[PDB]
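One chain follows as structure tokens, the form deposited in one PDB entry.
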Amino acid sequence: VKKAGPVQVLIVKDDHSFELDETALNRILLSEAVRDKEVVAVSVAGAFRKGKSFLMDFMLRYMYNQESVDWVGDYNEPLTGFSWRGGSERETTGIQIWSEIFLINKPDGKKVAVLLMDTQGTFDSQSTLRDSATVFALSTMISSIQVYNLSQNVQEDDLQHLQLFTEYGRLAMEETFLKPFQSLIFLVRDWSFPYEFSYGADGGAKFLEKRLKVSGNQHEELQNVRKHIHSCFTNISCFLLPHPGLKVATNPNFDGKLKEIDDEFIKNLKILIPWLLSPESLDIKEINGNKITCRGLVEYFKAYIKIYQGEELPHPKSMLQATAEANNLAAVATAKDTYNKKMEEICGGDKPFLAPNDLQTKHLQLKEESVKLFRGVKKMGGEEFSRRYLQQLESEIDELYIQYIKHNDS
């Protein structure tokens, strides 16, 4: 009673709560016509306004029209037909699936159910990071190709976010000799240095090599991005997509003829889409080595959500917070150290059991000297932030002093 279209299946409300739409999820992947078929699950995932819907709009044009030279459409007429682009576009965090599941014939002769999802999150604060990261983990767990839609390059935060949500994924799942996830494509959206690396998969491949080999190693432990990434996915690639031109770029709801999109962009879109979605390359989802059915998929999805709802996912700590904290603990540690070294320098060892009166005055002297030491030193927090650490130093020195009176009363 309604055309085919995009439907919200997972959303994160202001409550920071994850709202799963069971009946919507059921009505779509528990249709008898599909419920028992092996499912290929393709996901485009990224921040808001990164061009995902536009890309998936062409994906639909292909999925609906397996015919030569039309799948892209008529060079002289606008884009038309089914669309993920809804108009009054709210920024939201979650997953949309295309309501129409496609049945497609493989080279083997299998009839697979092809599932298309949009995976979206916002990254504007350490609070929304947690939510996006768990929405991206769920997406990647439930999909067989995760096309990670990035904008100009692969920035440090892009990789950090990728590790963080694969990390979240690993938590909710039991470890095996197999890799936790299948495919991952770094899709770079507005590549503008073709003279360095080419538009496309050849060129992308090369670029991702250089990027991953830097950092290089990070972050601090020997958990460097390349190893981490490669140990999570079975296949990793990267496509370099050109800029679509100013009309597409500055026009929300673009609606001009195909001809007004940049020619190099259409040309590469023409190879990218089938590169991902052609019957040959279509790739059946599997978990623990076993191919999944649309129904199987639904049960894992409900299941995975259950787990994350039960236990708490680690809250991310920002770089600025982390490095400030560290800078202050070092001040704290330096000052404690100096206090301690001098306290045994003075009072052993038992040395001369000292009048609790005399030991105390040596303690106050030394505490003051190391508290004075604790200020004067450059610290990132700002006074209000470092005050807490100053308490820390006093709290700890006192405790380190209580031990020193025992050793003395001997």
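Heads up: residue numbers just count along the shown sequence, starting at 1. By rigid core we mean the largest C-alpha set that fits within 1.5 Å across both forms.
If you look for the form deposited in another entry, you will not find it shown, but the lines that follow are about it.
Participant: Fit the core first: which of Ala331, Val114, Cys294, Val147 then shifts its CA by 2 Å or more between this form and the one not shown?
Facilitator: Meeting the 2 Å or more criterion is only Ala331.
Participant: Quick one: once the rigid core is lined up, does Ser43 have its C-alpha move by 2 Å or more between this form and the one not shown?
Facilitator: No, the C-alpha position differs by under 2 Å between this form and the one not shown.
Participant: Against the rigid core, is the Cα displacement of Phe233 between this form and the one not shown at least 2 Å?
Facilitator: After core superposition, the displacement of the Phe233 C-alpha between this form and the one not shown stays below 2 Å, so no.
Participant: Cα of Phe18 displaced 2 Å or more between this form and the one not shown, core superposed?
Facilitator: Comparing forms between this form and the one not shown, the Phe18 CA shifts below 2 Å.
Participant: How does the CA gap of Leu171 and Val7 change in the other entry versus this form, closer or farther, if it moves 3 angstroms or more?
Facilitator: Relative to the shown form, the pair is farther apart.
Participant: What happens to the Cα distance from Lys302 to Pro314 in the other entry: does it get closer or farther than here, with a change of 3 angstroms or more?
Facilitator: Between the C-alphas of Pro314 and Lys302, the gap narrows in the other entry (3 Å or more compared with this form).
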